[PDB]
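Here you get one chain, nothing else, as structure tokens; it is the form deposited without the ligand.
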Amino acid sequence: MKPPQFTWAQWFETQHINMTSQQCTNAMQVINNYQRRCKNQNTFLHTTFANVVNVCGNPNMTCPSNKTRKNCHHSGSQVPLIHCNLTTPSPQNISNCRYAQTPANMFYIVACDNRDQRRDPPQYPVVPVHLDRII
């Protein structure tokens, strides 16, 4: 579930790469204001989009979240990350949603696909499209 102006890769970047504040309540405003709902949980990876693209080059493996998909890739190394958990739902005023933040250093598994032909930049033929799991 993403706003229509973003490709899957651009939405992946918005949700998981471009944390706009180190504090979850503030950073989550971006995701929530775009998807018109307070997301119950979300992981921000302190890594770069280029680094994730390179993870897409690691061997294909089964996606933990969907046993039938084989477009997943393991990060190889751990990264610092911040996991945000909703503490104070507010469906009629999403700016009032508050979150806890949990820091960790973990591996991740990402699903990757070929880029959106019309809208993703040709620089990256293969892009991350979903954060499948953190381990």
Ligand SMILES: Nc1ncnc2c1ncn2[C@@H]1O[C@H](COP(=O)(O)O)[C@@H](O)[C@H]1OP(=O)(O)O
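Throughout, we count residues from 1 along the sequence that is shown.
Peer 1: May I ask you to compare 71-79 and 50-58 by their mean CA B factor in the entry and name the higher one?
Peer 2: According to the PDB entry, the answer is 71-79.
Peer 1: For the C-alpha atoms alone, is the average B factor greater in 59-67 or in 24-32, going by the entry?
Peer 2: Averaging CA B-factors over each stretch, the winner is 59-67.
Peer 1: Which third, lowest, middle or highest, does the CA B-factor of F107 fall in along this chain?
Peer 2: CA B-factor rank for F107: highest third.
Peer 1: Using the temperature factors of the C-alpha atoms in this entry, rank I94 within its chain: lowest, middle or highest third.
Peer 2: According to the entry, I94 has a C-alpha B-factor in the chain's highest third.
Peer 1: Could you look up the Cα B-factor of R115 in the entry and say which third of the chain it sits in: lowest, middle or highest?
Peer 2: For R115, whose C-alpha B-factor we compare with every modelled residue in the chain, the answer is the middle third.
Peer 1: How does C38 rank on Cα B-factor within its chain, lowest, middle or highest third?
Peer 2: Answer is highest: the recorded C-alpha B-factor places it there.
There is also a form solved in complex with the ligand; it is not shown, and the following applies to it.
Peer 1: So in the entry with it bound, does any heavy atom of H16 sit within 4.5 Å of the ligand?
Peer 2: Yes.
Peer 1: If you apply a 4.5 angstroms heavy atom cut-off, which residues in 101-128 are near the ligand in the entry with it bound?
Peer 2: Residues within 4.5 Å: none in this stretch.
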